[PDB]
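Visitor: Take this structure first; my questions come after.
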Amino acid sequence: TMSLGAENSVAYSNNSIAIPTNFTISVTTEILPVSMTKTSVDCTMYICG
Amino acid sequence: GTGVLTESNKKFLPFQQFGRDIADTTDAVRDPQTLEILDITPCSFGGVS
Ligand SMILES: *[C@@H]1O[C@H](CO)[C@@H](O)[C@H](O)[C@H]1NC(C)=O
Ligand SMILES: *[C@@H]1O[C@H](CO)[C@@H](O)[C@H](O)[C@H]1NC(C)=O
Numbered sequence: 696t697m698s699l700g701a702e703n704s705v706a707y708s709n710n711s712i713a714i715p716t717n718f719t720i721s722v723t724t725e726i727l728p729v730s731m732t733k734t735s736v737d738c739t740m741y742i743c744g
Numbered sequence: 548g549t550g551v552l553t554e555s556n557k558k559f560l561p562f563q564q565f566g567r568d569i570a571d572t573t574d575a576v577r578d579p580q581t582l583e584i585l586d587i588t589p590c591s592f593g594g595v596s
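Which chain is which? The protein sequence lines are C and B, in order.
Counting from 1, position 19 in the first sequence corresponds to residue 714 in the authors' numbering; the numbering is continuous, with no gaps.
Counting from 1, position 11 in the second sequence corresponds to residue 558 in the authors' numbering; the numbering is continuous, with no gaps.
Have a look at this one:
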């Protein structure tokens, strides 16, 4: 049976805050399709040769 | 068939008479009189715009 992730009890209380003291610059790659190959068929020549 | 016949660098085994492409199309032949291997190419075609 697959695991959905590690469980994490967030340290919540009505007067506690967490604030980051540092950062990282992250560079992430996103790849997107933009075109197909352009095609045409002479279908007298496909059907009848 | 119909096409343009040309001298080729294909290496047929002695019993083989025809050559085929990935999608079953005949793309070479052996001349049955003088046993050269001929590349077959389609006669030129295209749309007119
Ligand atoms: C912040 O992170 C860098 C490495 O990314 C480290 O060199 C630096 O000491 C860190 N600064 C603090 C305040 O922790
Ligand atoms: C067919 O006859 C020609 C006559 O020039 C000869 O050169 C050739 O070797 C012959 N081929 C076969 C397969 O008998």
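Where a beta carbon is used, it is the ideal one built from N, C-alpha and C, also for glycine.
#1: Quick one: give me the first and last residue of the alpha helix (DSSP H) that residue 739 of chain C is part of.
#2: Please check the pair residue 584 of chain B and residue 577 of chain B, which I expect to be a contact at CB under 8 angstroms, by giving their CB distance rounded to whole angstroms.
#3: Just to check my reading of the structure: residue 550 of chain B and residue 589 of chain B have Cβ atoms closer than 8 angstroms, yes? What is that Cβ distance to the nearest angstrom?
#4: Label residue 701 of chain C either buried or exposed according to how many other C-beta atoms from any shown protein chain fall within 10 Å of its C-beta, with 16 as the threshold for buried.
Guide: Let me spell this out:
#1: Where residue 739 of chain C is concerned, the enclosing alpha helix (DSSP H) stretches over 738-743.
#2: At roughly 6 angstroms, the Cβ-Cβ gap stays under 8 angstroms, so residue 584 of chain B and residue 577 of chain B are in contact.
#3: About 6 angstroms separates the two Cβ atoms, so the contact holds.
#4: Residue environment for residue 701 of chain C: exposed (fewer than 16 other C-beta atoms within 10 angstroms of its C-beta).
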